file start_27.cif (mmCIF, N, CA, C and O atoms and all ligand atoms)
data_final
#
loop_
_atom_site.label_atom_id
_atom_site.label_comp_id
_atom_site.auth_asym_id
_atom_site.auth_seq_id
_atom_site.Cartn_x
_atom_site.Cartn_y
_atom_site.Cartn_z
N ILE A 101 17.31 150.69 98.91
CA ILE A 101 18.75 150.49 98.79
C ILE A 101 18.97 149.49 97.67
O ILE A 101 18.89 148.28 97.88
N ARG A 102 19.26 150.01 96.49
CA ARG A 102 19.14 149.26 95.26
C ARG A 102 20.44 149.30 94.48
O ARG A 102 20.46 149.58 93.28
N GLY A 103 21.55 149.05 95.15
CA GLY A 103 22.83 148.91 94.49
C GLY A 103 23.88 149.82 95.09
O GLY A 103 23.64 150.57 96.03
N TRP A 104 25.08 149.73 94.52
CA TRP A 104 26.24 150.44 95.02
C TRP A 104 27.07 150.99 93.86
O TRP A 104 26.93 150.57 92.71
N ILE A 105 27.97 151.90 94.21
CA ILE A 105 28.91 152.51 93.30
C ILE A 105 30.28 152.43 93.97
O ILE A 105 30.44 152.96 95.07
N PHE A 106 31.23 151.78 93.32
CA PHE A 106 32.60 151.70 93.82
C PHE A 106 33.53 152.36 92.82
O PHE A 106 33.28 152.31 91.61
N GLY A 107 34.61 152.95 93.30
CA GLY A 107 35.57 153.54 92.38
C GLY A 107 36.72 154.17 93.12
O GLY A 107 36.88 153.97 94.32
N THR A 108 37.51 154.92 92.38
CA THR A 108 38.62 155.64 92.99
C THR A 108 38.49 157.15 92.89
O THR A 108 38.82 157.84 93.85
N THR A 109 38.00 157.69 91.78
CA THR A 109 37.64 159.10 91.72
C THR A 109 36.16 159.32 91.46
O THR A 109 35.71 160.47 91.57
N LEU A 110 35.41 158.26 91.13
CA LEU A 110 34.00 158.32 90.76
C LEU A 110 33.76 159.29 89.61
O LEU A 110 32.85 160.12 89.64
N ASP A 111 34.60 159.18 88.58
CA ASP A 111 34.57 160.10 87.46
C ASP A 111 35.02 159.34 86.23
O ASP A 111 35.20 158.12 86.26
N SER A 112 35.25 160.06 85.13
CA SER A 112 35.84 159.49 83.93
C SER A 112 37.35 159.36 84.14
O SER A 112 37.85 159.49 85.26
N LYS A 113 38.07 159.01 83.07
CA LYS A 113 39.53 158.88 82.98
C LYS A 113 40.15 157.87 83.95
O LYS A 113 41.38 157.70 83.98
N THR A 114 39.31 157.14 84.68
CA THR A 114 39.69 155.99 85.49
C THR A 114 38.42 155.18 85.71
O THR A 114 37.32 155.73 85.75
N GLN A 115 38.58 153.87 85.82
CA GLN A 115 37.41 153.01 85.78
C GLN A 115 36.75 152.93 87.14
O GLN A 115 37.32 153.29 88.17
N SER A 116 35.50 152.45 87.13
CA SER A 116 34.71 152.33 88.34
C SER A 116 33.65 151.26 88.13
O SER A 116 33.23 150.98 87.00
N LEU A 117 33.22 150.68 89.24
CA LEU A 117 32.32 149.54 89.29
C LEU A 117 30.94 149.99 89.72
O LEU A 117 30.81 150.86 90.58
N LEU A 118 29.91 149.37 89.15
CA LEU A 118 28.53 149.76 89.40
C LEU A 118 27.70 148.50 89.59
O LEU A 118 27.64 147.67 88.67
N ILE A 119 27.06 148.36 90.74
CA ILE A 119 26.15 147.26 91.01
C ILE A 119 24.75 147.83 91.05
O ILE A 119 24.40 148.56 91.99
N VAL A 120 23.94 147.53 90.05
CA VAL A 120 22.54 147.93 90.07
C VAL A 120 21.72 146.66 90.20
O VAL A 120 22.17 145.56 89.88
N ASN A 121 20.51 146.81 90.74
CA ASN A 121 19.75 145.67 91.24
C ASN A 121 18.30 145.80 90.78
O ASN A 121 17.46 146.35 91.49
N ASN A 122 18.00 145.24 89.61
CA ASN A 122 16.66 145.31 89.06
C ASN A 122 15.72 144.38 89.82
O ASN A 122 16.10 143.72 90.79
N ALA A 123 14.47 144.32 89.38
CA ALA A 123 13.50 143.47 90.06
C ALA A 123 13.72 141.99 89.76
O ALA A 123 13.21 141.14 90.50
N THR A 124 14.46 141.66 88.70
CA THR A 124 14.76 140.27 88.38
C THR A 124 16.23 139.91 88.42
O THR A 124 16.55 138.75 88.71
N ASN A 125 17.14 140.84 88.14
CA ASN A 125 18.54 140.44 88.03
C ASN A 125 19.47 141.60 88.37
O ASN A 125 19.15 142.76 88.15
N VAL A 126 20.64 141.24 88.88
CA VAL A 126 21.70 142.18 89.19
C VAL A 126 22.63 142.29 87.99
O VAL A 126 22.89 141.30 87.30
N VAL A 127 23.07 143.51 87.67
CA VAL A 127 23.95 143.75 86.53
C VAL A 127 25.16 144.51 87.05
O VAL A 127 25.09 145.72 87.29
N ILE A 128 26.27 143.82 87.23
CA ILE A 128 27.52 144.46 87.62
C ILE A 128 28.24 144.93 86.37
O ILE A 128 28.33 144.19 85.38
N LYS A 129 28.74 146.17 86.39
CA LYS A 129 29.32 146.78 85.19
C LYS A 129 30.51 147.64 85.59
O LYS A 129 30.37 148.50 86.45
N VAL A 130 31.66 147.42 84.97
CA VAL A 130 32.89 148.11 85.36
C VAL A 130 33.30 148.98 84.17
O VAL A 130 34.11 148.56 83.34
N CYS A 131 32.75 150.18 84.09
CA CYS A 131 33.07 151.09 82.99
C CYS A 131 33.52 152.47 83.46
O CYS A 131 33.42 152.78 84.65
N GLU A 132 34.01 153.28 82.53
CA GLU A 132 34.46 154.63 82.86
C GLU A 132 33.24 155.53 82.95
O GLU A 132 32.92 156.29 82.04
N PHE A 133 32.54 155.42 84.07
CA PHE A 133 31.31 156.16 84.28
C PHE A 133 31.60 157.61 84.64
O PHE A 133 32.40 157.88 85.53
N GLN A 134 30.94 158.54 83.96
CA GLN A 134 30.93 159.94 84.38
C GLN A 134 29.80 160.06 85.38
O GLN A 134 28.65 160.34 85.04
N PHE A 135 30.12 159.82 86.65
CA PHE A 135 29.11 159.78 87.69
C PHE A 135 28.61 161.18 88.01
O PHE A 135 29.39 162.13 88.05
N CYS A 136 27.31 161.29 88.25
CA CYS A 136 26.71 162.57 88.58
C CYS A 136 27.01 162.93 90.04
O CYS A 136 27.65 162.18 90.78
N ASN A 137 26.54 164.10 90.46
CA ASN A 137 26.81 164.56 91.81
C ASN A 137 25.96 163.82 92.83
O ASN A 137 26.48 163.26 93.80
N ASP A 138 24.64 163.81 92.64
CA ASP A 138 23.71 163.07 93.48
C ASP A 138 23.14 161.92 92.65
O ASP A 138 22.15 162.11 91.92
N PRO A 139 23.72 160.73 92.71
CA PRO A 139 23.24 159.63 91.86
C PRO A 139 22.03 158.93 92.47
O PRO A 139 22.02 158.62 93.67
N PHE A 140 21.02 158.70 91.65
CA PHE A 140 19.85 157.95 92.06
C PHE A 140 19.23 157.31 90.83
O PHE A 140 19.36 157.83 89.72
N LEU A 141 18.55 156.20 91.04
CA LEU A 141 17.72 155.64 89.99
C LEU A 141 16.40 156.41 89.93
O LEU A 141 16.06 157.16 90.85
N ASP A 142 15.65 156.23 88.85
CA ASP A 142 14.41 156.97 88.67
C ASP A 142 13.33 156.02 88.17
O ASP A 142 13.35 155.61 87.01
N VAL A 143 12.39 155.69 89.05
CA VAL A 143 11.32 154.76 88.74
C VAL A 143 10.06 155.56 88.44
O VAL A 143 9.91 156.70 88.88
N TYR A 144 9.15 154.98 87.65
CA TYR A 144 7.84 155.57 87.36
C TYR A 144 6.99 155.80 88.60
O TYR A 144 7.12 155.07 89.59
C1 LIG A 201 16.79 144.75 84.67
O1 LIG A 201 17.76 144.47 83.65
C2 LIG A 201 17.51 143.31 82.86
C3 LIG A 201 18.66 143.19 81.89
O2 LIG A 201 19.67 144.16 82.16
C4 LIG A 201 16.16 143.43 82.16
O3 LIG A 201 15.88 142.22 81.47
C5 LIG A 201 15.07 143.71 83.18
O4 LIG A 201 13.83 143.94 82.52
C6 LIG A 201 15.42 144.93 84.03
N1 LIG A 201 14.40 145.16 85.04
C7 LIG A 201 13.37 146.00 84.86
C8 LIG A 201 12.41 146.12 86.00
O5 LIG A 201 13.22 146.63 83.82
#

call {"tool": "encode", "arguments": {"input": "start_27.cif", "output": "structure tokens", "more": "lines below"}}
Ligand SMILES: *[C@@H]1O[C@H](CO)[C@@H](O)[C@H](O)[C@H]1NC(C)=O
result
Amino acid sequence: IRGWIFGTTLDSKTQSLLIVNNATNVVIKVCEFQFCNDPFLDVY
């Protein structure tokens, strides 16, 4: 459980917030994300 996605439509044309949680630091980012259908991070 490595972060969250907040928004209103979870799409473009309106903004949304993204909390991702790396091994050293959290990066909160509030941009017009074109969110995918099944969002996941991808580690080696
Ligand atoms: C997480 O992000 C920071 C900066 O955004 C970066 O310095 C760090 O290396 C990243 N973590 C990993 C495991 O790559």

call {"tool": "axis_aligned_box", "arguments": {"input": "start_27.cif", "around": "ligand LIG 201 (chain A)", "padding_each_side": "5 Å", "output": "lines of an AutoDock Vina configuration file"}}
result
center_x = 16.0
center_y = 144.4
center_z = 83.7
size_x = 17.3
size_y = 14.4
size_z = 14.5

call {"tool": "atom_distance", "arguments": {"input": "start_27.cif", "atom1": "atom N of residue 122 of chain A", "atom2": "atom O of residue 138 of chain A"}}
result
17.5 Å

call {"tool": "closest_residue", "arguments": {"input": "start_27.cif", "among": "A:110, A:144, A:120, A:102", "to": "residue 132 of chain A", "atoms": "only C-alpha atoms"}}
result
A:110

call {"tool": "atom_distance", "arguments": {"input": "start_27.cif", "atom1": "atom N of residue 123 of chain A", "atom2": "atom C of residue 142 of chain A"}}
result
11.8 Å

call {"tool": "closest_residue", "arguments": {"input": "start_27.cif", "among": "A:114, A:125, A:134, A:109", "to": "ligand LIG 201 (chain A)", "atoms": "only N, CA, C and O atoms and all ligand atoms"}}
result
A:125

call {"tool": "closest_residue", "arguments": {"input": "start_27.cif", "among": "A:133, A:140, A:107, A:101", "to": "residue 121 of chain A", "atoms": "all atoms listed in the file"}}
result
A:101

call {"tool": "closest_residue", "arguments": {"input": "start_27.cif", "among": "A:136, A:105, A:119, A:126", "to": "ligand LIG 201 (chain A)", "atoms": "all atoms listed in the file"}}
result
A:126

call {"tool": "atom_distance", "arguments": {"input": "start_27.cif", "atom1": "atom CA of residue 104 of chain A", "atom2": "atom N of residue 127 of chain A"}}
result
10.6 Å

call {"tool": "closest_residue", "arguments": {"input": "start_27.cif", "among": "A:118, A:124, A:143, A:106", "to": "ligand LIG 201 (chain A)", "atoms": "only N, CA, C and O atoms and all ligand atoms"}}
result
A:124

call {"tool": "select_by_dssp", "arguments": {"input": "start_27.cif", "residues": "chain A", "states": "strand (DSSP E)", "output": "JSON, numbers by chain"}}
result
{"A": [103, 104, 105, 106, 107, 116, 117, 118, 119, 120, 121, 126, 127, 128, 129, 130, 131]}

call {"tool": "closest_residue", "arguments": {"input": "start_27.cif", "among": "A:108, A:141, A:116, A:131", "to": "ligand LIG 201 (chain A)", "atoms": "only C-alpha atoms and all ligand atoms"}}
result
A:141
